[PDB]
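Coming up is one lone chain in structure tokens, specifically the form deposited in one PDB entry.
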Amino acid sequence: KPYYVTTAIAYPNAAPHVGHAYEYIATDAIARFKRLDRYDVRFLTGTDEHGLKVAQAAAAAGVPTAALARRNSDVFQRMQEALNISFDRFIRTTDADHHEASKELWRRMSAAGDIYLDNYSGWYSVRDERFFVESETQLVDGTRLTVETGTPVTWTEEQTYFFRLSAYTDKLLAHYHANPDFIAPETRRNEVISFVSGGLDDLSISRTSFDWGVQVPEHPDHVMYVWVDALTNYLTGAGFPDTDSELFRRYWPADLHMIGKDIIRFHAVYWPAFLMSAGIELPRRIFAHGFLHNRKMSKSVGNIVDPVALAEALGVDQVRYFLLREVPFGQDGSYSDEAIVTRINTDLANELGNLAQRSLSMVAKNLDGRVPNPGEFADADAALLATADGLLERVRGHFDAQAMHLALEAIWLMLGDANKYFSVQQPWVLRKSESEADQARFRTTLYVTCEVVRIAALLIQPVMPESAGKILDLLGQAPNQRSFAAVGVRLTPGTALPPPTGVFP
């Protein structure tokens, strides 16, 4: 019953873009899908408020860092609420309890003998917020940039605590091979295994040139590497260091870390090493998703897609749908103003909206707003119902692999079958007929159409909560008839349906 799922927590240095929304909406779907399938869900999201990337942004505006971090964190939380993210905690690394969780992890790591003091010299990217070797850098017209990210970098000489990541090279490979579903998609798993197979170096995990961060226990001259306290948020969200609490007993180890492909090393290499050191159970699964481009990365150079405005321009549930359908989850895809509209027009307004409005209006005008009593199901009726009866298990299967796009595609294939069934059955002809065989068929074909629309509506709840709820409202479904257990219970004939209205204006 317990299920603990998390998102990456965002740098509140600038405003959110669609990519941030992509990850919160995707993770929200999974969360809502589990709640509807009788799971006890915990859903963590939040912001990563420390580090030099955020401090140098507050210096680029005139405001203290804490204030920039607080204010821009509100903007991230306000954005998530606007997109209807059902998170159970919005964590912020400035929270006092997170300060204590981070300090305990350090203790257990130092007590295991995996932390040692030494001099560090190397090339640090503030944007990426990670260290680079001279080799993974290139000099371009007198500017020092990263070979992969092309990011600026600053030379740094400091005495810092290191982590014996070198001590965990082989345990990690062994864990990777005994836990095949630990990293997904498979392409990314192969990439982590290759990196670790080449050997790991020890990792600087503290800083002395600035104090914006969590205070290293018994060493105020140091603050933790921002990624060390950032990864800890997944423990903080479960009640650590109170490992005897109800929260930590049932929710840790986390079932699923949702992240983007650029931060996999921190989650699949560093994070499990830190937990083996501190004697803590590892997460069960990390799924790294792709990046959303615009026609072109999303650079503050003038190419940002604002998710709140995107939602105001087209609706919350329309954006959530397009993001989880347009892009095979796990691959890289791109946004375009034209692709979102055509997608919405063909998939929501027509393929699903018409089928629901056309069927719900015949019930209003010809059957006195009551679900009709169906007769015997012909071979066309039962085979359509069969398709819709077997969806829950196909869709569940897809959600378990993080393929929401294939879950949606499956729902729409049935809807296509439903429209094509609506056309071969021509129920608008039978309504007029005074014969009794035509009427019963009219009553039967209309029930079948409403019934499969009700199943779709239920299965759509995780992606389009509001619209699905609207459709179920128009189908006379009560508030306790909206779990996945209701999928297998047939629409009750004769229920009073309210007068139909547009779901996708």
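Heads up: residue numbers just count along the shown sequence, starting at 1. Here the rigid core means the biggest group of C-alpha atoms that line up within 1.5 Å when the two forms are laid on top of each other.
As for the form deposited in another entry, it is not shown, yet the points below apply to it.
Asks: Once the rigid core is lined up, just say which one of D417, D242, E218, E191 has a C-alpha that travels 2 Å or more between this form and the one not shown.
Replies: Among the listed residues, the outlier is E218.
Asks: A178: CA shift of at least 2 Å between this form and the one not shown after core fit?
Replies: Result for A178: no, shift under 2 Å.
Asks: Look at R370 and decide if its Cα position differs by 2 Å or more between this form and the one not shown after superposing on the rigid core.
Replies: It does not reach a 2 Å shift.
Asks: At a 2 Å cut-off on C-alpha positions, does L491 qualify as shifted between this form and the one not shown after fitting the rigid core?
Replies: Where the cores coincide, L491 shows only a C-alpha shift between this form and the one not shown that is less than 2 Å.
Asks: Since the C-alpha distance between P283 and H17 changes by 3 Å or more in the other entry, give its direction relative to the shown form: closer or farther.
Replies: Nearer in the other entry, by 3 Å or more.
Asks: Do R249 and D97 have their C-alpha atoms closer or farther apart in the other entry than here, with the shift being 3 angstroms or more?
Replies: Farther: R249 and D97 separate by 3 Å or more in the other entry.
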